[PDB]
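In the structure tokens that follow, the same protein chain appears in two forms, which are kept apart as structure 1 and structure 2.
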Structure 1
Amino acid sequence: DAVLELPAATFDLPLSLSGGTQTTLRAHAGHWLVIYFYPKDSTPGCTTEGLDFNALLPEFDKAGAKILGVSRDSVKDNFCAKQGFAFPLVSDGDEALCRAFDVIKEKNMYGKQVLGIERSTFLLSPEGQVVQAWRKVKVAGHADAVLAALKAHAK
């Protein structure tokens, strides 16, 4: 079965691409979609997770999937966004997508409780079913694990 049920409206939330234009999940209907969420407060983790997926992108493509990286623009490095991944990065400006996937969590930051993204990834089928989820992700080996899961489901 599916491991998560998304509200249908999630699929037409307008998502801002790092370049300025927009996309939606519906635009990816018909192929597998990996959606990974990353917190803003860890630039090295952002960079590495993104570069790992970038290195595997041709393999993802052959296995019938696209990748979307998602975070939320916050006033509180640009280094990660400046890397140039060959898959889209989106800024979820109002946390609508993040909240749909339930990835916004409370964290303690030096005393202060704050809201932040819990690093998490979801694999969606060509028809939009969430077939597998990963939460509070350890970056090491993660992109490989997601690729392995995709091949197990799609083949």
Structure 2
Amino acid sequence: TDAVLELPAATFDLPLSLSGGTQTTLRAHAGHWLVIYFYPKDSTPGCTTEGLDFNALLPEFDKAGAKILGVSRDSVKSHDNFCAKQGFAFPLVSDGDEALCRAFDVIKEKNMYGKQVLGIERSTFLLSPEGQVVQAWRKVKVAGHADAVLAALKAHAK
């Protein structure tokens, strides 16, 4: 009833490779809120701005018991380098095979260059403590975004 997106059951058990060398799963986050933000490419201007914006709000997400995950299809090593350079204190998922991206339907097509071109569309989601996707943002405008996500989280967590 309150879900805005339905994920295949298997999505929650996908092994998600993280920066730092461990794996997580969405089911492993049961019991707390999870923010999942998808971005197209490590170490580019918009993606760096977005990551820094979430990083600055980490104590506010903590106040709510929430965790954050950033997601792109860059490698674990790329993610480690991005986290170290920028000082990120949350993990990045290396979704190299785009399994998580496809589950959230963030791989979008554009007719460009006389081709059908597929790529990650910047998108964010709020996953409840019981694993429901209760809010989505697609074609994300980076400016103001992390603040808006935090506000929405607070409103939902009540």
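Reference numbering: structure 1, starting with residue 1. What we label the rigid core is the largest C-alpha set whose atoms superpose within 1.5 Å from one form to the other.
Trainee: If you line up the core, which of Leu57, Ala96, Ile104, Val114 has a CA that moves 2 Å or more between the two structures?
Mentor: So the residue whose C-alpha moves 2 Å or more is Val114.
Trainee: Report, in Å with one decimal, the C-alpha displacement of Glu127 between the two structures after core superposition.
Mentor: A shift of 0.5 Å at the C-alpha.
Trainee: What does the CA of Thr23 shift by between the two structures after fitting on the core? Give it in Å to one decimal.
Mentor: It moves 1.3 Å at the C-alpha.
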